[PDB]
Structures are given as structure tokens and as C-alpha cells.
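Quick notes on the structure that follows.
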Amino acid sequence: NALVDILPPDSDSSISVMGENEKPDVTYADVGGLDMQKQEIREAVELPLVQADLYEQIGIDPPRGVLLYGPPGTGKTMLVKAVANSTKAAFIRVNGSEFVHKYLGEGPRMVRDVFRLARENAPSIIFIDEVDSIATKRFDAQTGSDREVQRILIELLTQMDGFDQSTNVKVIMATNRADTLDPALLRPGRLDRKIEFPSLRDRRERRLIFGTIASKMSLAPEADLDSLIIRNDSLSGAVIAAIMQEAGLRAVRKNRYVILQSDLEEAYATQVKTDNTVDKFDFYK
Amino acid sequence: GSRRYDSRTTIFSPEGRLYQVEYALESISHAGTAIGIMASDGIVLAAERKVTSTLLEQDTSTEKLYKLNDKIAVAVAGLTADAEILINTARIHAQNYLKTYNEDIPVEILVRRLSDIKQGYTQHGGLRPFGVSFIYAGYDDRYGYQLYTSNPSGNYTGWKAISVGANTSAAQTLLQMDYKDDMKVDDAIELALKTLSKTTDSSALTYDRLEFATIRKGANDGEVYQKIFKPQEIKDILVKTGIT
Amino acid sequence: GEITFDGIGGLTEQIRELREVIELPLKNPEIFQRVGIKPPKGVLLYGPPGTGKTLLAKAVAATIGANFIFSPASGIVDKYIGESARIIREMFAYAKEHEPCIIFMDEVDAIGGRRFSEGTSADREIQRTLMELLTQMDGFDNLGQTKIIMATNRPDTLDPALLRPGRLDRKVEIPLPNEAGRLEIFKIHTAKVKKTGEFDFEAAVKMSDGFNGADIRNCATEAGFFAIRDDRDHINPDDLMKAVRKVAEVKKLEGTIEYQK
Amino acid sequence: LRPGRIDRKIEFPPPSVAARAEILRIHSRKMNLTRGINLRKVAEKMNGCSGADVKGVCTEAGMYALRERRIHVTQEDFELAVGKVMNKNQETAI
Amino acid sequence: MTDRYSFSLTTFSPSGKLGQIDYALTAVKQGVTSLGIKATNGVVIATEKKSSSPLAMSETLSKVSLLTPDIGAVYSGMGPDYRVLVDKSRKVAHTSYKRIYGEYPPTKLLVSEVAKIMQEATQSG
Amino acid sequence: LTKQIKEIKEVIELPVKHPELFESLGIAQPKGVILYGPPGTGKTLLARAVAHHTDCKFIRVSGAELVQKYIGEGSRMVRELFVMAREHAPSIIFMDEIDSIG
Amino acid sequence: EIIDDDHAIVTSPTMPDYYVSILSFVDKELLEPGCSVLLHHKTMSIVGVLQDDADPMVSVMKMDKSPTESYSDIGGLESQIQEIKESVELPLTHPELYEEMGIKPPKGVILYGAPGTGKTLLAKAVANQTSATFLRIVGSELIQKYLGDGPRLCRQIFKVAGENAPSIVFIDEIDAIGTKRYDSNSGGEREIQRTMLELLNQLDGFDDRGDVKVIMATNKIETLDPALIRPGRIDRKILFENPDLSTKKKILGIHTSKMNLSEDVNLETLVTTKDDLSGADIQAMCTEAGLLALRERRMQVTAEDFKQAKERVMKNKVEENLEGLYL
Amino acid sequence: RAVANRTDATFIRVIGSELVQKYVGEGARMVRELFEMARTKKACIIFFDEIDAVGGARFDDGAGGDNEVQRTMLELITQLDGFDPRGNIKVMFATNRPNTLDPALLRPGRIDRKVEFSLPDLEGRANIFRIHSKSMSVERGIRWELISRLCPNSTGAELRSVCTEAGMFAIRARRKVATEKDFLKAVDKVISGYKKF
Amino acid sequence: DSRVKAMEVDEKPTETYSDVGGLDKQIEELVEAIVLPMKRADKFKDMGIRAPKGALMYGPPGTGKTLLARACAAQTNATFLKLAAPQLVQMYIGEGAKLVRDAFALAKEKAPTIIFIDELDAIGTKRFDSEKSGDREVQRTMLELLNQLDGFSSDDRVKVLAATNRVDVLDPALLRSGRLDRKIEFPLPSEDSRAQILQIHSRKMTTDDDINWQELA
Ligand SMILES: Nc1ncnc2c1ncn2[C@@H]1O[C@H](COP(=O)(O)OP(=O)(O)NP(=O)(O)O)[C@@H](O)[C@H]1O
Ligand SMILES: Nc1ncnc2c1ncn2[C@@H]1O[C@H](COP(=O)(O)OP(=O)(O)NP(=O)(O)O)[C@@H](O)[C@H]1O
Ligand SMILES: Nc1ncnc2c1ncn2[C@@H]1O[C@H](COP(=O)(O)OP(=O)(O)NP(=O)(O)O)[C@@H](O)[C@H]1O
Ligand SMILES: Nc1ncnc2c1ncn2[C@@H]1O[C@H](COP(=O)(O)OP(=O)(O)NP(=O)(O)O)[C@@H](O)[C@H]1O
Ligand SMILES: Nc1ncnc2c1ncn2[C@@H]1O[C@H](COP(=O)(O)OP(=O)(O)O)[C@@H](O)[C@H]1O
Ligand SMILES: [Mg+2]
Ligand SMILES: [Mg+2]
Ligand SMILES: [Mg+2]
Ligand SMILES: [Mg+2]
Ligand SMILES: [Mg+2]
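Chains as they are written, first to last, in the authors' numbering: chain A, 144 to 428; chain B, 1 to 244; chain C, 176 to 436; chain D, 305 to 398; chain E, 1 to 125; chain F, 153 to 254; chain G, 111 to 437; chain H, 261 to 457; chain I, 164 to 380.
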């Protein structure tokens, strides 16, 4: 019952995901379309850790945390993962679900562990995937279990402000909706870089995506590569992917591994529903 | 259907203070600031517009300072739609009294009747009450300049300075330190524009977000002259005072 | 218990669509790799009550012989928080050993819905579970030889997130059986019952037109009971006919019949 | 919130425009000097509501200069820095 | 037989600002797009006017209507509300206008009359 | 934020260093100081700055002490704070706790 | 409990109970159940007693001397304090008068109302005159998370008081317990409920304690789940009004004697010039004078400081108020 | 008690609110012991009072999740055995409200009479005031009915309280004979205070 | 647990349909639904049609719903498990749902049994569309109930009877025809059944000709 040897602080890590933090893919569609946003994330996140030297000479403080918000199906949690994986700086990947607890004071003790754990093993990358759930519009205590959600939340704010001017990139967090967040508390200076993800896209932005698709299996010579490009007019990557998935399924039946240009045409055409014009036009038109 | 459901605004409140009237003061303070400064020789009246949109032709459209007649001008803060009805009602009332008696209506009489209409709405009108405060800058020979303001309550109170709209306290506090009883109209022009800029979050309150009017007896041969100042005239006096 | 693959039959095509998604990439991941696409995954089932959606979820499972996890998600919510986070996480991981495995998420609506999250902490939990379920499907690692079928049935709690383009090859709507989709169902049903040979089924279907599957089963249960009260080892063709008159009226009067995006 | 029970209550005002200038000054010294003194130009443009807003300008100004590898902090750098920051604040607070 | 309401359904929200005004506005936003550029030698007004059903006559559908032979108008929002408001506006202008003037109403004037009517709807239980 | 800076020296520095002087000119001593204002004012940065010059043990206790569970329940450890602060004086107990738990 | 047969039922730190033998030393009589007792560890037998509820609670509760406050040093609310004396003090000093009327003596008072009136103080004052053994306890101690310790302690209060009758039990911050319920999932409806119960079961008790007065200082009885048993057993209830004009003269007089050279400004005219306020707000004002003297580096407090102090103090209270507009 | 004395049936008093004997059916032991002895005595009454606690309805439905009480209760049903002949042994149960009691107990057999006691009329409340007031020395000629008139409908505890306070105010003035005046003052005081809650 | 024990077996001896007063129609329907398929069970099996699952009973309180069921249970020699829905409902959202599932697993051991569940007024109607949904307790347990009723799992042998006061109150998805078998409404006393109902109650007390039953009706 005596101290015979010591452990790293690194030993006995906080409750954390069974599989890899590390991303097994490097092929990346993260490159091919939203490429402009992929560079931006690199700028805030890759550029200080890799080149410390640059920063020291100008004299700046290490760039501030990064909030990622946009509509979901823009691959937010995947564009940043890719970078962590290939930079090969330490990556701690946690969820609000890890933190959540049924007990009394059990959430916060994990939270203190994350911040310190990052400092120990610096340069270090903190990404909390679920943060939406944790943030509330208004605080409550109507049941006893609301108060627990509230404990995690406050303990997180205090330390987040205090993580400023570490070497370690500040907490990167992702949110599908930001009406859950309160704007005064969570705010620039913690989080001066706030990335908007578009969804209007461009003729060139879409083109990048089609190239990644096309490499996988040579498009039939029934009609040109350039056909796919014309039919999309503003749609985002997420839909592009649903299109290409159906198309090659039907391709397998015919016994050709080439996806026909007809198939993509039919798959594109469909998915038109999304509350028609009848309902609207009887009292909004 | 209609029996079951209720949206009675004509309950006698248990606090002595009708709840609907409470919320209409909140709504007033969202709308821009209007300032009445009463001097011995006039009323200097000035109100900032609350729009700031660039496509919107603010220049042309006066939306707060409306000339009722020669001696009486009103500044509006509150709901602009509700306000329009009371402008026509206030215009016709001064004309009818002028016709009957051949004297411009004393200020007191006009303000009282309009306040009593607001009152009426919650007395037994069934109506939601108009959520507007008006500063009635008025003159009559007997009583000199007279300055009164109205409340959504249907209560008026006289003053030597008043503020409505936003920054009621910020404006009121400056005027108390800087305005003295004896400052003339001339001073009050310089005073008004500068305090407004200092309350508002704008770096310089532009001439195009301003409306300015004066009612003065220092218009020769014992006469009363009003002039709603045009946006470019506001600009020259804006440059003098160094706001721009 | 197993559901005979002859047994299900009533909307052919509709059934063929579930096998393309599931059956094909389990037996051959090779084909999907040769093409290069991400193999087909995610199935969204919606339809009325009684339509045979559980019968269908079961049917695919028996056919392949792939291990089966039948979980209502009314059985994963609990009074204290974060129990739910554990329940799905263990179950997804459990299925991986038992590959091929299909996790039947019955009444996904339960843990569905948007907004909420301001009442009891149980409302915040609902959303939490939905969010983590998505992250496991895609955004963490990809779906292997374990596939997930989502069934829903209440339109009130719906999510644009589970409807969104991405995972899903097929967004499957399961409507009222066909004119002879109902016949096919009728046929199975008259085989089992003892009869003196009854060929009144053509008429019986004219009345019992636009019937959901549940009512095809019900007309045979009510009439056969009438045969047994009448002291017979035979459902007479008279008895089968009488039954469809009675059910037809009370069917349409009380129809719940829900449809979902 | 009984009075004299918490015996002192302190409010910190939202910063003055002069108050802002003092914060802006000291962090610029840590970076490199603003050429053609455009420390005033920022303060004349907007008053922050917090010292975080001030910090945000600094970091950004030093960021355009970093890319270039020209230590100078030019008027061009400041002007970008401010507008970029100014947009962001408006899109949260609308 | 009149509804037993005797009071304004429209209440101030407890945070100020009428519930119903907010409620009405959403419709305008939801409805289809209209644009206009004021010009020195004219005004262009433009709107989308999609076929309701190809079988439907797409010529009889209108969103441009006349108030005076000089002044025309287009809207966005509820279609049936527009039609009635136009009819009221023809009477409010024309007859009364001719009696006190005997011309076509200038634009400034016409626009102000319309504003009061919208207010009186809301105020009225 | 110049006003706040000057002011805070009077409120904190003097009751520790000269309890007798702070009493004589004034009367007795405070029951404490409550700091509030826009987040991002750097209120935190002010408390820590004074604390340097005062020269005391600046112990941040952030939050509920229901997080502590080392020995006993964490509930009464809140209460027990008084005892421990006394022993470990000189001390500035910086009780941060927003009280947004419901 | 003791079973007369030289056995006892004891609980130790360890969780199971023990049917133990008493072995010599302390006699059964000289023991009191509810006491903390000495056990020999190898074989658990009562080898004595010396501990006698060795516990911080015992420390806080006991006060054998009379309180530090002597009577109507406190200035104003005279009549109020001469109501608490009719009910409490008067029957202990003379029950004779009550017997002769043919009426039970009043027992109990409940002090309720509002912060700032120095409620707590009045209780100490009345008790000192009586020179009753005046136990005093904080309510926060009787409630704790640990299970079943709460009723032991609560029962003990009642036993100690009856022995030392004539007695006053002052239970301060009874309002603390209220209907605060640790965790609203579950719990707080077990331990808390049990402690409340015990106090009441002993109130009237198995022994007649009408010679134990009780004084409960509280915001309201509506904070607590109401249950205060026997109304005429808590008898008269005392509603504190806040100081009025005459009251605050006296209370002022104490405070201004601390501020150096404020004697110059006539006691009466200080009263007049300020707005009617409570004695609490005098405490705020007196503090304001010294606060201003500190900013100024006013070397000695002056007549000018005390006058300036009025205006800033009055200004604070108005500012804090919210103008909702009297219509 | 009054009917006990007249009928010449003996009386056993048990109060389960006072009794703290309930821990996971300690109270089961307890109900079993007294009830069983009592059936044995011919010509007796068993009054278990405030069965609201101890023997109480389960609170498993509510937030606490307590079920100590459900044990003492379980025991109490099997003893009754619906209606059972006992030989003129009266089983008395007192609740604050019958509604709170467990629905299995409420069913018939077990409970053969139910009776609501309510606050009485002015003539009865004059009578309850009368008894207490008599016991104390008072200036005679007193109209009992006058004091009751002012008081709204009220509990018997309130009536004892008015005589106590009245007693005291006379002693304060050194009258050893409480006048009518004191009863007027006493009423105002207790009424004003309590009522407003 | 002691909770479980209480629900379990509390079969009292018969009372016999002879002592339910008037209301012929109700009885006829109940005996067909239930009793003939237990005794004639062999034909039901052979045809391979499912034997009838349940009886739904609704109407006035005080129409002998209880009485009726209990008589049926003993005649078939099935045990009368007595359940009531407000009991299984708790403030504990987790635990109160758990019990519903637990009750059915217990029934299988005791087969044959007739499950009488009462007062599904407790699980009301489900028409929610707004944010406040009853905080998922009413919703939760409706869809729970249906998973026991589910016919792939045994619920054809063992029957579910239910009583609950009007069907307007009950939610639309578990009120489907052929789900809870027949739905039998209780018509009121009609000055026929009244006279009987009284007659049987007076049989216990002394019977005299001074009393006139018909007048009372
Ligand atoms: N570089 C990218 N550009 C465009 N879309 C992307 C990109 N990467 C992935 N996607 C698509 O985004 C879909 C979902 O990716 P995912 O990681 O779930 O996104 P998200 O925006 O974080 N939202 P959520 O699922 O609500 O967390 C995929 O099915 C892809 O089609
Ligand atoms: N395609 C089919 N072939 C054969 N029988 C079918 C078929 N489709 C539906 N059925 C019948 O429909 C009956 C009842 O359906 P059921 O299992 O109650 O449906 P569900 O839609 O999963 N409902 P629930 O969970 O009760 O909302 C089955 O037992 C079958 O007899
Ligand atoms: N006056 C300042 N000058 C420069 N940067 C500042 C200033 N004040 C704050 N900051 C920055 O803004 C960040 C957020 O402020 P923070 O330190 O959380 O302040 P606070 O006002 O004590 N907050 P809170 O306790 O959450 O109400 C700090 O980490 C600094 O980087
Ligand atoms: N007659 C009085 N007796 C005692 N203090 C009084 C009297 N009248 C006014 N006071 C003032 O009240 C101050 C003390 O009141 P205080 O101790 O704060 O309150 P309490 O009523 O016991 N409340 P709480 O703070 O809830 O315990 C004194 O220092 C006086 O300034
Ligand atoms: N049909 C009837 N025949 C005789 N007595 C009846 C009849 N219906 C009800 N009762 C009497 O009234 C009581 C209440 O009926 P119960 O069966 O508990 O009703 P429900 O379940 O319909 O609410 C019975 O216990 C019985 O004494
Ligand atoms: Mg994501
Ligand atoms: Mg199903
Ligand atoms: Mg801080
Ligand atoms: Mg006190
Ligand atoms: Mg019943």
C-alpha cells in the first residue's frame, strides 16, 4: 500500500471513443469540392502548429478557436478530421455523450481532464463534435437531471476562456444549428474565426466534386463527362452523392460496370417532391 | 367558438397598472429618440429617424415630424400605423375649434381631448390602446410656449424638457446638466444635435437620419413661424458644431 | 420466427428494392468495390399501421439468415440521462461480432423530433441519441457488413436530417396493397383454412377494395369464427362474403392510416 | 441580492472609444508597429463592446502580414482586418 | 349573426409589438418573389408567374391590377386578400377622390389611404 | 477601462494591508465584492492583476464542489470552504459561480 | 435502546447492528439512550461512557450563560418587543397570574416578516431578561445527506431543553429546511421528511414540555410545508413591521456616534431631510459615509461628509427601482 | 371517545403520524401486534388515527419512489378479509381526506360507513366557544353568539386560541377577570393574520 | 417485488352470469368472443385462423364490466390477473414503461390466463403536434402496449380484455378493428333491466311485498 512507481498524467485518459481518433482514409473527397474551405481550416489550424517559427517572428498570439456552422451535409466533421489525421499532431475526439452522466459531479471531472490532457501532449487538437446538445437557450432545474446538463455547460465556459494563449489550437466545435448557443457568452476572442459553409455553390465548385466521382469508374461514352455538370444548377454535394449512389446500383443489373449517363439523368430528375407548389400557391402566391 | 375564448383587455388590473399599457412603453423605446427642449422664445424639437437602410429614400419621406398647423408640430415615437389615425384626428380638431370661436385652439384643450380618446379604449372600448407617445409642441398667446407629452395611458404632463423614445434617461440626464433655465432658442439648437449623437451608437449621426423643426415668436411683426428644416439645412449646422 | 419468402408477396417491386440495398452488398462487397461507389446503405421505411412493416423487416432477416436485433427505441429511453447514449453504442458494436447483422430500429420516431430541449432533460436526451446515432452511421467510420434499417410511422415527429440525401439509396413508401396484391394475400389465407372449396374471393375483393393488409387477415378471422359458431368444419362461401360487408364500413370510418415523408 | 449583504456591487461599463485605444496600442507593440499610424483609424471607425473585439483586429492584422513575410503592418492590412471582424459581429447580433 | 367577440383579438406581445402583425408578415416572406426598380423615366415591376398546372390557362392568372389608369400595383403574399383590398381601394380612391378634387389621386395620396385601411383591419375585433 | 482599475485598488488592497486605516477613515470592513459586466471585459484579468500586488494566495475555486468527490460528499465541502480558507490564509477566495444551474 | 437484562442494541461505524452485552462499568441507569458510548473493539461491550455526544453540533447548541444582548439597548419597536415578553417571559417568571385566570399559559411565539428589522436580535434580548437557559441552533445542521443521523440530533434538542427547564429553544433558520429538496428526480422526500417529523413528535412529547418555550425565526411558514402543530401551542404570532419615522431616530443615533464629528448635524434635522426608509437602510447610509471618506482621503470625517452621504444613498435606492409608470 | 364512553366499549388509541415505526414494514409488525390483541378483547374500539402516514398509500406513483408504507398497508388488507365477524369490535380509521387512502381499502366490505365531518354552523360553533370560555373566569353576561358571529366558519382549535389570547390580554392589564373586550381583540388578531394565507 | 405479487393471481370463486342483472345483449357477445373459442379451440387451430385475441368493453361505469370478466376467467379455468393502468404509470418515466413489458412475460408462465387491463383513460389520446407532447410518457406507453398485442409474439392464446370509459378519449392507433377484436358498447338500463338489478340487491335484505320493484324502476 505504498508509492513504488509513478504514471504519466497521460495514463488513465478521460472516457473516450473505442475506435480510432485517427481517420483511415486519405483518398479524400475533402479535397475535391469544398476546396476553398479545406484551405481555410488549414490556415487557422495546420499553419500555427507546423510553423511555430513564422508566428514567433511577427509576434502574434497563436490564432483563435474555430466554430463550424452551416447546414449539415457539408461534411464539416470530416474536412477537419482529414487534416488532423495527415498532420500527425495529436487528436482527441470526444462527444457530449462521453461527458454526459447520470450522477452528481461526474461530468465536470472529465472536462478538466480534456484541457490538461491537451496541454501535456502538445501540439494537440481538441474537437468536440456534439456541443449543440449541451448548450441551452434558458437554464432549468424543473427535474433534477437538468441541473447536471447545466454543470457541464458552465465548467466548459470557464475553462474555454482560460485556454487562450496556449500553443494548442483552441477548441474547434461544430454545430448544425446555432440557435442553441447564446451569442453573448460564446463570442469572438475565444473563437474569432467563425467559418460559414455555403450551399449556393458554383459551376466550378461542383465541377471538383464530379471529378472525384468520375475517377472511380469511367463514365460511359453514351454522352460526354460535361453532361452531369449542366443539370445541377445550385445543388450541394450531399445530393450529388445520393444521385451517383442510385445510378450505379441500377448499372449493376444491366451487367455494365460503367454508370450510364441515362441513369444519372433519371436519378437527378427525381427527388423533386420537397412540398410541391399546390399547397403554397393557394395562399402564399 | 367566440363565447369560450377571451382576449379581454378591459380587466381592471390588480396592480392598479394595466399590463397592456406597460408593454407599449417598451415598444416606444425601440423607436428613435425625440427631444423637446422648451425655451422662453420657442420650442426646439428634434427627432432622429430609426431607419438607416440605404435603398430607402429617407430624405423625402418625413415620418416623425409632421406639421399640424402654424403653431403646433408633433413628434412621433411609437407605432407609425397607429400614429397616422391620430394625426388626422388631431388636424381636424384644431380646425373645428378655429372655425367655431375664431381663435387658434389653446394648446391645453387639444392635448387633453386626444389623451381622453386613448383612455377611452381601455375604459370600455374593448380596443387595444394606441402605443404612441406624442410631444405636442405648441404656442398660444396667453400662456406663451407650452410643452406637453402624452402617454399610451391617456395622461399628459407638462414639462420644461422631456424625452421620449430611446435613451430617455441618457438624453434627460445631459439636458439637466447642460440646459439652464435661461438658455435661449439659439443655444438649444446647438445643444440638441450634440446630445442626440452622444446617446446614439452612431459615430456621427448624419443629417439624413435627423429631423429638426423650431416654433418661434422671434419671427418679426408679432408673428409665429414654424419651419421643418430640410435635410441639407440640417447638414450645414451639423458641420459647424463639429459632429461631422 | 421465420417469415417464408414465398409468404411475403403483395407488392413485388417494393420488396425487390429492400434486397438490392441489403442482400447484394452482404453476399458480394466485390461488385460495389469494382464500381467504386460506397456500397448501398440506409433504408427508410414508412407506411400505415398494419401494412406488414414488421413482417417485412423480419422477412429479410430470415431469408439471408443474417442475425437479427429487434429493438424498439421506446425501449432505449430511461429516466436518468446518458443511459441512452450507452444503449445504442453497445448495440452497434454488438452487431459487429455478429456480422452479418441488421439492426431493426422500430419506432425511430420515438427518439426523433426536432427542437424540444427546454422541458425535462429527457427532451435533451431524445436529441442527443439521434445526433450520436447519425455520427455512428457516417462521420466517424463507415457502415460495414452491419446495416441499419430505419422504420417510422408517426408524421408529427419527423426529422429533415434523417430524410436528407447522403446515406440512403432508397426512400421506400409502402402504400395500400394492389388490386391483386390483396389477391395474393387472400390466396395464402384461403390455402390454410378448411373449405368446401370457396370461390367467392373475386367478389369479396371488389368490396374490400383499398384494404390495408390487416383487414385482409381480419375478414378471414371474423368469417371463420362464424363458420365455427354455425357448427362447421367448413367456411362456406356464404360466410366469407358476409364478413366483408361488415368490415368494409367500420374500416374506412375509423382508418388511422398515416403516411410520412 | 439583499443590499449590503454582498457589501459592494461593481458594474464595468462597456468600453469608451478612448478606453479602446489604450488596449489596441499595447498588443500592436507586441506584433510590429502600425505604419502610418492607423491605430486611431480603427477607434474612429467603431467602438467595441469588449476587449475581445479589439484583440480580434490585432490577430487578423498580423495574419495578413504573416502570409506575405513582410513584417510591416500596413494600412492595407488594418483595413481588411477591421471589415472582416465587423461583418462577423453583425451576422451574430442580427 | 355576429361573433360574440367584443374586444380586440390582437394583443400586444408581453415583450411589446403585436402578435398578429408578426404573424401576418411571415406570409409575405414565404410567398413568391417580386422586385421593382424605381427609375427617372419610369418604374419596372416584375414578378414570377409560374403555371399552376399546364392545363390551367396561364393567361388569366394576374398579379398586375389597376387602381387608376395612371397607377398600377403588384403584390406578394396571400392572393385572395389582395383581390378584395384592390376593390376597396378603387372605391376609397375614385368616388371620394372625385368629390373632393375630380381627378386621378396622386401616388403619395393613394398610398396613404391604403395604409389606414390595413390598420383598421387589425384593430377591429 | 480606467475608472474600474483605480477604483478596485481601494476596495481590495487596503482591508488586507491596513485593516486599521480602512476602518478609521471609513467604517468596519466589507462583506465582499461582486464583479459583473459584459463577458470579454476581462473582469477576470482584473481580479488576477490586483492579486499580484496584494501578494496573497489567489485560489480560484471555480464552480460547485459537488465535482469533488475525493472523500465524503462534495455537498458540505462547499460549506467547509470557510474552515480551509482560514487555515490557508492569506487568501483571496475567488468564488466564480454564475448561478445558471437553473 | 437498552433492554434490562444487561444487553443493548448498538450501531458502530460499521453498517450492521449488534446485540451486545453491557459489561460492568456504567450502570444502566447512569446511561442515557441516544448517547455516544465507549465499545471495546475485540468484543463490543459497553466499557463506559465519556463521550456524551462528542460532536460539533453539541458545541454550537449549548449556551448555559445568558446572551450578549441586554434588554432595550435596541432602540424602537418597543411595543413590538413588549409583546414577545407577554407570551414567553411572563409565564416562566410568574405562572400564578395564569393559574388565577383559569387559562393555560401561552407557549411559543413565531417571529415572521421581513429582513432588516433585526428579528433575530429581539429574540436574544427578551431571553436575556428572563435569564432562561437559552439554547440556540442553526437549522442547517439538523439536515444533512447521511441517513438517520438527522432525527437523533433533533430528539436530543428536546431532551436537553426539558432537563434545564425553564428554558427557551431558539431554532434559527428553520426556513432553511423549507421545501428545499436535494434533487428533483428523487430523494429529499426521504431524509428531510424524517427530521421534520421528529421535532414535531417531541414538541408536545411523551413528557409535558409546556415549560419549554420555542421561538422560531422564519420568513414565513409558507416556505416550510405547513404543519406547526398545536396553534395555541405556538399561540401568538408576531408580524414585524419595518421601522417608521420615530423608530429610526433611535437606531440612527447609535450609527452617527461611530462616524467622527457628525454630532454637528442635529439629530432631528438628519431624520427630516431624508426620505422615510427602514433602519436597514440607515446601515447602508452609515456605510456610505465612510465609503465617501475613503475616496476623498478625508482625513477626519466631517459634517460635510454626513450630509453628502444622504444624497448618494437615496439616489442608489431610486436607481435600482424600475419605472413601470403609475398610470 | 364520546361514543366509546356511552356504548361501554373500551378505547385504544394509536397514532401513526407520531409513530416513526415504519421502516420497510416495521409498521407491518406493529399493526399486526396491536390489531390482533384488540380483536381478542370483547367490547372495544380500535382507533388508528392519521393512517395517512404509516399504513399510507404507496408513493411509487410520485417523485420520491417510497414504498416503506406499502408494506404496512399490504398487511392491513389481509387482516380485514373484507367483512369479517368480530363480535362487536369496532374498526376505526381516520384520514384527512378518504381520497388519499389506497383504492383496494376503499372497496366495500372493509369499510361499511363513510362520514364527512365539516366545520359547523354558527349555533354549534357558539357551543364549542361556549365550553372553553366557561372554564376561564370572565365578566358574566357574555354573549357567546356575538363572538362567534364575527369569526367566519372556523376550526375548533381556533376557538381555544381566541380564549387563550383573551385570557392573556386581561392579565397584561392586571384584570384577573377577562371582560368581553378581550374576546373581541383576540378574534381580530388571530383572524387577520391567518386568513390572508 | 411486492408490486408484482399484488398484480398476480387473485382469482376468487365464480358469481355466475345469472347474477348480473338484465343486459342480455352484452353477455351473448362476451360468451361468443371468448368462451366458445376456448372450448372449440381445436377447429380454430386446424383452420389455422387465429383464435380471437380480446374483448374491448366501453360504456357507463357501473355496468358490471368487472363482474363480467371475472366470471368468464373462472369458467374457462384461466386466472384472473387484475391490472389497472394508473398504477403502472409513475413519475419515473423509465420505470413505469418497464413494468408494462414485465407484466406480459409473467402472463406467459401462467397460460392460460385472461389479462384484464383497466382505465386506459390513463393513456388518453395521442393527437400531439406541438412542442409539449406530455413529455413522452403517454406517447411512450401507447406504443409499448402495441408491442405485447403484436401477433407474431403469442397473444392469440392468452387473451387481453380491456375496459375504459369512452373511446373518444382513447388514442386512434390502438383502436383499430380486428386489433382488440370486437368492440362492445354497453347500452343503459331501459326500465327492464332496472327492476332486475334492484331485485337481486334486495334479496340479501329481508323481502316483503310492501316493496314494489316496478314502481321504483
Ligand atoms: N468536402 C465535402 N464537400 C461536400 N459535401 C461533403 C464533403 N464531404 C462530405 N460531404 C457530404 O456530406 C454528407 C454527410 O457528411 P457529414 O460528415 O454527416 O456532415 P455534416 O455537415 O457534419 N452534418 P451532420 O450529419 O448533421 O453532423 C455526405 O453524405 C457527403 O455527401
Ligand atoms: N405482403 C403480405 N403478405 C402477406 N401478409 C401480409 C402482407 N403484408 C401484410 N400482411 C398481413 O398484415 C397482418 C398485420 O400486420 P401487422 O404485423 O399488424 O403490421 P405493422 O404495419 O408492422 N403494425 P403496428 O406495429 O401494429 O403498427 C400480417 O399478420 C399479415 O397477415
Ligand atoms: N481588455 C481586454 N483586452 C484584450 N483582450 C481582452 C480584454 N478583455 C478580454 N480580452 C479577451 O477576451 C477573452 C474573453 O474574456 P474573459 O477573459 O472570458 O472575460 P470576463 O469579462 O471575465 N468574463 P465572464 O466571467 O464569462 O463574464 C480573454 O480570454 C481575452 O483574450
Ligand atoms: N428595533 C430594532 N432592532 C434591531 N435592529 C433594528 C431595529 N430596527 C432596525 N434595525 C436595523 O436592522 C439592523 C440589523 O438587521 P439584520 O440583522 O440585518 O436582520 P433580520 O431581520 O434578523 N434578517 P436576515 O438577514 O434574514 O437574518 C440593525 O443593525 C439596524 O440597522
Ligand atoms: N349489472 C349489474 N348487476 C348488478 N350490480 C351491478 C351491476 N353493475 C354494477 N353493479 C354494482 O355496482 C358496483 C360497481 O360496478 P363495477 O363492476 O365496479 O363497474 P365498472 O368496471 O363498470 O366501472 C358492482 O360492484 C355491483 O355491486
Ligand atoms: Mg457532423
Ligand atoms: Mg409494427
Ligand atoms: Mg471572468
Ligand atoms: Mg436574522
Ligand atoms: Mg372495473
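Built from N, CA and C at the ideal position, the CB exists for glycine as well.
CB of residue i to nearest heavy atom of ligand 4: below 7 Å?
i, result
"G/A390", "yes"
"G/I287", "no"
In angstroms with no decimal places, state the Cα-to-Cα distance between residue i and residue j.
i, j, result
"H/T424", "G/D345", "8 Å"
"B/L25", "E/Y23", "21 Å"
"E/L66", "E/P105", "13 Å"
"G/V136", "G/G272", "23 Å"
"G/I194", "G/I112", "41 Å"
"residue 245 of chain D", "D/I327", "The structure shown has nothing for residue 245 of chain D, since chain D only spans 305 to 398."
"H/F308", "H/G347", "19 Å"
Decide if residue i is buried, meaning its Cβ has at least 16 other Cβ atoms within 10 Å, or exposed.
i, result
"B/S150", "buried"
"C/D344", "buried"
Between residue i and chain I, is any beta-carbon pair separated by less than 8 Å?
i, result
"H/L336", "no"
"H/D326", "no"
Are the C-beta atoms of residue i and some chain D residue less than 8 Å apart?
i, result
"A/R320", "no"
"G/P353", "no"
Compare the C-beta of residue i against all C-beta atoms of chain H and say whether one is closer than 8 Å.
i, result
"G/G158", "no"
"I/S296", "no"
Heavy atom of ligand 6 less than 7 Å from the Cβ of residue i, yes or no?
i, result
"A/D204", "no"
Review point. For the region 270–303 of chain A, which residues have a beta carbon sitting closer than 9 Å to at least one beta carbon of chain G?
Key: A284, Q285, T286, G287, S288, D289 and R290
Review point. When you check each C-beta in the region 144–177 of chain B against every C-beta of chain G, which residues fall closer than 7 Å?
Key: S153 and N155
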